[PDB]
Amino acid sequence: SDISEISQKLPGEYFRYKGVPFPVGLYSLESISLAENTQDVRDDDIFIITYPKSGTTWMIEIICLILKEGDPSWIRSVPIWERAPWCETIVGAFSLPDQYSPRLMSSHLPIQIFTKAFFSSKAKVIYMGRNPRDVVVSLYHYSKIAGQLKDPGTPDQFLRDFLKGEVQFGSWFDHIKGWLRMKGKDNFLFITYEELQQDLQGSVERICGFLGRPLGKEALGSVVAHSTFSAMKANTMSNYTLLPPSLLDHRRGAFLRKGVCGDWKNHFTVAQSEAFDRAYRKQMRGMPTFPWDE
């Protein structure tokens, strides 16, 4: 009833924190500032960082499974947003009592705003990226049913806003370019939605190594089985169907929409695709090659 009241008051608008757009209602100057300036970063803390709609939910479920060594009990009985709380939200992981030994947290904050005390910590970060074209599409549909987000408008107008960073959490380009500046540190891992799609078991093993949490063939296969799109779409605790209708309109759509790579080709017209490549080419001039670069 506390979250139900809040959800019904969501305006579907934005406000700015240090030049970056944040959805009104689920975030505030205070909540963001807290996550940015807190000193409570621990050596064994684990952070999942992503630009919205890059497959955060996927990574979160994978690690929740890894932590319990393949046992689905925790993901079956505890809602996902409670198993890996968000740093910047009004009710963040930093404004809640210690309820888990190794803390698992999530964030969409770009590097210049993410918890500053992190740079001198031993805490671990897994940054996940996805083809920005599929990100646009996923974000377009999600916005129509997401209470905190304003309506997208036309596919074409929404695409222009995306390219100019006129969306929640700012520019995708700046987001990923900034975070890749951590590449090289041993407490930072960069992985992509595309890699998990290509070889989920392989990706899971890499994440186990990175976290220092090896798994037997059994637990491994379990993490994989329960991390699959179909399995997660059917898990009431992970698929978001428990949220208030005003926060997420279950009646009109689902958080786990399609779960594939390439759905952008069914939404971008050729002209929009060409305009996107021009923007990408100019913004990603010196960047390394990514799986989504064809």
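In this text, residue numbers run from 1 along the sequence as written.
Residue-level annotation: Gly170 has coordinates in all of the other entries compared, counting only those that model residues on either side of it, so it never reaches the one-third mark. Per the records, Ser95 is among the residues left out by at least a third of the other compared entries, whereas the shown structure includes it. The PDB entry records a higher mean C-alpha B factor for 9 to 17 than for its counterpart among 269 to 277 and 9 to 17. The PDB entry records a higher mean C-alpha B factor for 212 to 220 than for its counterpart among 138 to 146 and 212 to 220. The maximum CA B-factor among the listed residues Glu88, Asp98, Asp174, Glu194, taken from the PDB record, is found at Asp98. When the CA B factors of the chain's modelled residues are split into thirds, the value for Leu29 lands in the highest one. Ranked by C-alpha B-factor against the other modelled residues of its chain, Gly55 falls in the lowest third. Among the modelled residues of the chain, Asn239 sits in the lowest third by CA temperature factor in this PDB entry. In this PDB entry, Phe119 carries a Cα temperature factor that places it within the lowest third of its chain's modelled residues. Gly262: CA B factor lies in the middle third for its chain, per the PDB record.
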